[PDB]
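Asks: Line by line, the protein sequences give chains B and A. Numbered per PDB author numbering, the first sequence spans residues 1 to 445. Numbered per PDB author numbering, the second sequence spans residues 0 to 445. Just so you know, even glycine gets a beta-carbon here, dropped at the ideal spot from N, CA and C.
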Amino acid sequence: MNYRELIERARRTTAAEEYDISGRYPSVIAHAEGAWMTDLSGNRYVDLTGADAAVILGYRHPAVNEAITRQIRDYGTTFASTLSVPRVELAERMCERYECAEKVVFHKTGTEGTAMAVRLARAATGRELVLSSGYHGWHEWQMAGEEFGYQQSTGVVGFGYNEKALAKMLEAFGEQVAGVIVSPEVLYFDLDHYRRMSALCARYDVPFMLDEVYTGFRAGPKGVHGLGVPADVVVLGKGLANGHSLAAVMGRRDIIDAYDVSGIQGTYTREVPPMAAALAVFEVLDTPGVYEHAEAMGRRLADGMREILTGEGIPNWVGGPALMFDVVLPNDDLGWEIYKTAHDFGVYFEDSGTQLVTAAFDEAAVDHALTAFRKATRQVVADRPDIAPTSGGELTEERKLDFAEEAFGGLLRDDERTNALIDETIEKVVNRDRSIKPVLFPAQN
Amino acid sequence: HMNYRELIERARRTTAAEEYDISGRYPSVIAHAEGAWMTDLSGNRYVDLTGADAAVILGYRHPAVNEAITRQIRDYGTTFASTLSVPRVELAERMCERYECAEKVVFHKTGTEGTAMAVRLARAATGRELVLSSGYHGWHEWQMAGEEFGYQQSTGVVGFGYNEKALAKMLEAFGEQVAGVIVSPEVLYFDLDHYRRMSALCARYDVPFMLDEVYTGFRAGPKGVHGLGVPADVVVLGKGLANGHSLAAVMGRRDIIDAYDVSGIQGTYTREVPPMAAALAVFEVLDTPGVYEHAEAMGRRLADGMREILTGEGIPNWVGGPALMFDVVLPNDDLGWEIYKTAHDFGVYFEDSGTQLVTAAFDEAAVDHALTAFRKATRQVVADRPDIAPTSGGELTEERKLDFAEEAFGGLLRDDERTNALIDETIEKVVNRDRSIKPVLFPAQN
Ligand SMILES: *[C@H](NC[C@@H]1CC[C@@H](N)[C@@H](O[C@H]2[C@H](O)[C@@H](O[C@H]3OC[C@](C)(O)[C@H](NC)[C@H]3O)[C@H](N)C[C@@H]2N)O1)c1c(COP(=O)(O)O)cnc(C)c1O
Ligand SMILES: CN[C@@H]1[C@@H](O)[C@@H](O[C@@H]2[C@@H](O)[C@H](O[C@H]3O[C@@H](CNCc4c(COP(=O)(O)O)cnc(C)c4O)CC[C@H]3N)[C@@H](N)C[C@H]2N)OC[C@]1(C)O
Ligand SMILES: [Cl-]
Ligand SMILES: [Cl-]
Ligand SMILES: [Cl-]
Ligand SMILES: [Cl-]
């Protein structure tokens, strides 16, 4: 069938029009290997989305696929017992690999992993409130926590990556805080920002939890945590089993050991093949030179993309880690037009602006993507000269601050509005009706 | 290479929940399995009656499922940059043909996420706040609290304990605020007509009726309770759908499923392809003439044999329910567990909660092996435990059956003063609440 035939069938039976069809490039992938994907009509594309970050090593990685198919064929997938040899071997590998990991438990998705981390922190501490920055998943309490402010029905206070807010909240009501959970943003902030958050949480005996579902294999081979940010819990997900569904919650023994009293559970958390896959992923990441070559390819792409935009006179900022770099533009229309056009030249850029190379990339794959980006940017500007400034200027500080707030809820200004919002939120928490709490297990109430 | 004692010690150090993973289950760990049989770390063999905690419907390492999943992984790929794939569309088309309620179908990784999705879509499609619930839907706090009769304002969930008198009164009192009714069908204490009456009440108040068939979907019948003839606006499937590979599905009325865009639901691994290939293979097996009928015959053989073993020892008992999910109810909550722990020694994993789950891979030899183990274990426990093993015959008391239903699944089956006052108290709590205080919803309703 071709694209048009498949989407007509999909519209009738399964597809969400925007999420599945009109918000995405007009192709459907049939197979993929290494850096390259092939659509239903045989057209080939370099992938820069990492399969929405699920893939770190490349498509159909041979050692990962050998390990997963061996488990499926020779032993089985999901057994009557919850422990298995691969689960224990993987847990041992992770506890040896990561400083925070004294025990580790597994789930299917990052959304459920961060929910489990919050559930365990509440059960281990007996406290009600959670302070949050960043995206943690699609449940309502997670999405609301991306916005600055307090939701009494969920027990979550969003703090917008704001250090002044975090310190003021912990001083005001830190005895009520079960945990601080943060998806580290490392374009606008350096590692010291997160070291200060962590040390500040420790001063108040509040667990600090890094949501590394996205950054865990892309800020570095051991994530932001492994770059030297102490934490009591780290959640991993994207990349862990190189596209197979697996998430992990690793951390302090007493937090993980709250599993029994928490009531957490789940039929498929014992599923064995993804655990075999993750063991193979760690073996690749720990092979001398492999991660460094991936970062070299990321730098080659980032440097070339920055050069292309600057040569067109387009204000831009290209930054962040090599395996998860952002391309920040003067407005939210230019990027989408370029990336849509680059699909015509054989590339799937990440249209949210964070480009994701994988370990299978070579210089030829990077340079194919750069050719498409140069040609697409040229065509877009030729056809729509007013789509963005072309005067050679820099991104304004106003655009950078506005982008941070719109993209990830970061409140980076020290102005009247931000200061008033901090005070309003702290007052709302401190003087609330304490008889009204979220539904919690165990109950606190 | 490592035995049970070594594995549990290594696990306690790095991963195990002491009760959930170790002390609360049989003292063996499964290394590999095929069909109805599992083998532990030391080579001992067991017939599985847990269905891998219901994940498995056909049997372990079923050749058609193994072929479909490995072919997709090996020859094409696992998760791609596009969310649509050929197997997703083919699976959606198969399910839309198979099920009356399925106009569209979306997929997720776990049944807990599937039922959460169903509620999110019902609220998004209707613009209404409250959900009425009966039965277990997953491990999130709002799901767990909804198993108890009553109202939690912070979640917007009212548990109604399977009670039709409560359901009708709630819909009359505040049905204009109800986005959906979500029920896990219990078919030991209730018949299909009970669920048809729930569905009819929901239809009269324009409230979506949603069947959580994460457990019952392939075990109440080959098309679940819905396929036996209970109308629904949404059905959630999960256990068995991909024969042990993680996959869940939310299928239902077009306008409810089409709330996906505005709801904010996402989740990356929802596009993962191999489990969808596996589910296509599962439907093909279930639709093969004789396969499901043979599985039900094996379940009847097991249930009939377990009933006569207990009755032969004079233990009052009730063995009933569908052949692929029958309950063994005893006079107290200790006796079954003690028999099942003892039966492990004789080469069976019985389901400790009492709902025994055969799979399509069962044959008479597997059933009879389990019955022989059950007969020996029952004899041993009866002899050793007169404190929990009455041998004086008779039936379960009416009080025991009523208490078991409330404890096991939150069913409020009594028509008495305490139950009626609880119904009225809960309705007054909902109706008289501070309407300015409500759960966080997306899309927002405040
Ligand atoms: C699947 N959720 C898994 C949990 C844990 C263990 C599993 N065996 C299952 O057990 C539930 C029992 O099934 C249930 O018993 C009641 O329902 C079945 C039956 C035969 O009708 C019984 N008759 C007396 C009745 O008591 C217990 N009340 C509750 C137990 N937890 O549930 C699941 C999900 C989550 O899927 P996932 O995230 O993939 O694990 C969501 N919804 C449902 C309906 C189920 O079963
Ligand atoms: C400017 N710098 C940016 C910065 O703006 C910021 O951008 C993020 C995006 O990254 C994020 O989504 C990106 O990842 C996916 C979804 N989340 C998985 C996920 C899950 C649940 O896991 P599961 O249930 O298995 O899906 C849990 N926790 C985390 C941390 C997860 O990432 C798919 C879509 C893809 N675009 C957006 N959803 C929001 C947007 N604010 O963060 C990255 C950055 C580079 O720092
Ligand atoms: Cl295509
Ligand atoms: Cl299997
Ligand atoms: Cl914010
Ligand atoms: Cl063992």
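Excluding sequence positions up to five away, which residues of its chain have a Cβ less than 8 Å from the Cβ of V290(B)?
Replies: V284 and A359
Asks: Is any heavy atom of ligand 3 found at a distance shorter than 7 Å from the C-beta of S41(B)?
Replies: yes
Asks: Can you give me the start and stop residues for the beta strand (DSSP E) that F325(A) sits inside?
Replies: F325 to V328
Asks: Name the chain A residues that come within less than 7 Å of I264(B), Cβ to Cβ?
Replies: Within chain A, the residues placing a beta-carbon under 7 Å from that of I264(B) are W138, ordered along the chain.
Asks: Taking C-alpha atoms, which residue in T82(A), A123(A), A53(A) and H107(A) lies nearest to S262(A)?
Replies: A123(A)
Asks: Is it right to say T390(B) is buried, meaning 16 or more other beta carbons lie within 10 angstroms of its own, or is it exposed?
Replies: exposed
Asks: List, in order along the chain, the chain A residues whose C-beta lies closer than 7 Å to that of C95(B)?
Replies: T13
Asks: Which two residues bound the contiguous alpha helix (DSSP H) that contains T377(A)?
Replies: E363 to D383
Asks: Could you tell me whether the Cβ of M169(B) comes closer than 8 Å to any Cβ of chain A?
Replies: no
Asks: Does the Cβ of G220(B) have 16 or more other Cβ atoms within 10 Å, making it buried, or fewer, making it exposed?
Replies: buried
Asks: Is the CB of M37(B) under 8 Å away from at least one CB in chain A?
Replies: yes
Asks: Select from the stretch 391-420 of chain A all residues with a C-beta closer than 8 Å to any C-beta belonging to chain B, and list them in chain order.
Replies: none
Asks: Alpha carbon to alpha carbon, how far is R432(B) from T154(B)?
Replies: 14 Å
Asks: Whole angstroms is fine: what's the gap from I264(A)'s alpha carbon to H293(B)'s?
Replies: 35 Å
Asks: May I ask which residues mark the beginning and end of the alpha helix (DSSP H) holding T215(B)?
Replies: Premise fails: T215(B) is in no alpha helix (DSSP H) and is neither H nor E.
Asks: Just reading off the beta strand (DSSP E) that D257(B) is part of, what are its end residues?
Replies: No beta strand (DSSP E) contains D257(B), which DSSP labels as neither H nor E.
Asks: Looking at the structure shown, is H343(B) part of a helix, part of a strand, or coil, going by DSSP?
Replies: helix
Asks: When Cβ atoms are compared, which residues of the stretch 142-157 of chain B fall closer than 7 Å to chain A?
Replies: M143, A144, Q151, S153 and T154
Asks: Does ligand 6 have even one heavy atom less than 7 Å from the beta-carbon of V28(A)?
Replies: yes
Asks: Roughly how many angstroms separate the alpha carbons of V156(B) and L131(B), rounded to a whole number?
Replies: 6 Å
Asks: In chain B, what lies closer than 7 Å to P26(A) by C-beta?
Replies: Within chain B, no residue comes near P26(A); the closest Cβ sits about 10 Å away, beyond 7 Å.
Asks: Please tell me whether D47(B) has its Cβ less than 8 Å away from any Cβ of chain A.
Replies: yes
Asks: Using only Cβ atoms and a threshold of 6 Å, which residues come within that distance of a heavy atom of ligand 5? Order them by chain position.
Replies: Those residues that have a beta carbon less than 6 Å away from any non-hydrogen atom of ligand 5 are, in order along the chain, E147(B), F148(B), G158(B), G160(B), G409(B) and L411(B).
Asks: For the beta strand (DSSP E) containing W36(B), list its first residue and its last residue.
Replies: Element bounds for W36(B): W36 to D39.
Asks: Run through the stretch 3-84 of chain A for me and flag every whole beta strand (DSSP E) of 3 or more residues, listed as ranges in chain order.
Replies: The qualifying runs are 29-33, 36-39 and 44-47.
Asks: Would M94(B) and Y59(B) qualify as a contact pair, given that the criterion is a beta-carbon distance under 8 Å?
Replies: no
Asks: Counting only Cβ pairs nearer than 7 Å, list the residues of chain B close to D20(A).
Replies: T82 and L83
Asks: Using a Cβ-Cβ cut-off of less than 8 Å, give me the residues of the stretch 59-83 of chain B that come near chain A, in sequence order.
Replies: Cβ contacts with chain A come from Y59, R60, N65, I68, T69, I72, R73, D74, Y75, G76, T77, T78, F79, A80, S81, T82 and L83.
Asks: To which residues of the same chain is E271(B) closer than 7 Å at the C-beta, ignoring the five residues directly before and after it?
Replies: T77 and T78
Asks: Using a Cβ cut-off of 7 Å, which residues of the stretch 348-371 of chain B contact any Cβ in chain A, in chain order?
Replies: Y348
Asks: Any contact between the stretch 334-351 of chain A and the stretch 377-389 of chain A? By contact I mean 3 or more CB pairs, one from each, below 8 Å.
Replies: yes
Asks: Which residues bound the alpha helix (DSSP H) around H107(B)?
Replies: Per DSSP, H107(B) belongs to no alpha helix (DSSP H); it is in the beta strand (DSSP E), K103 to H107.
Asks: Grab me the residues of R299(A)'s own chain with a C-beta within less than 7 Å of its C-beta, minus the 5 sequence neighbours each way, in chain order.
Replies: Take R299(A), set aside five residues on each side of it, and the residues of its chain with a beta-carbon closer than 7 Å to its own are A322, in chain order.
Asks: When burial is assigned at 16 or more other CB atoms within 10 Å of the CB, is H0(A) buried or exposed?
Replies: exposed
Asks: Taking the alpha-carbon positions, what's the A258(B) to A121(B) distance?
Replies: 8 Å
Asks: Given this structure, state the Cα-to-Cα distance separating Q379(A) from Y339(A), to the nearest angstrom.
Replies: 11 Å
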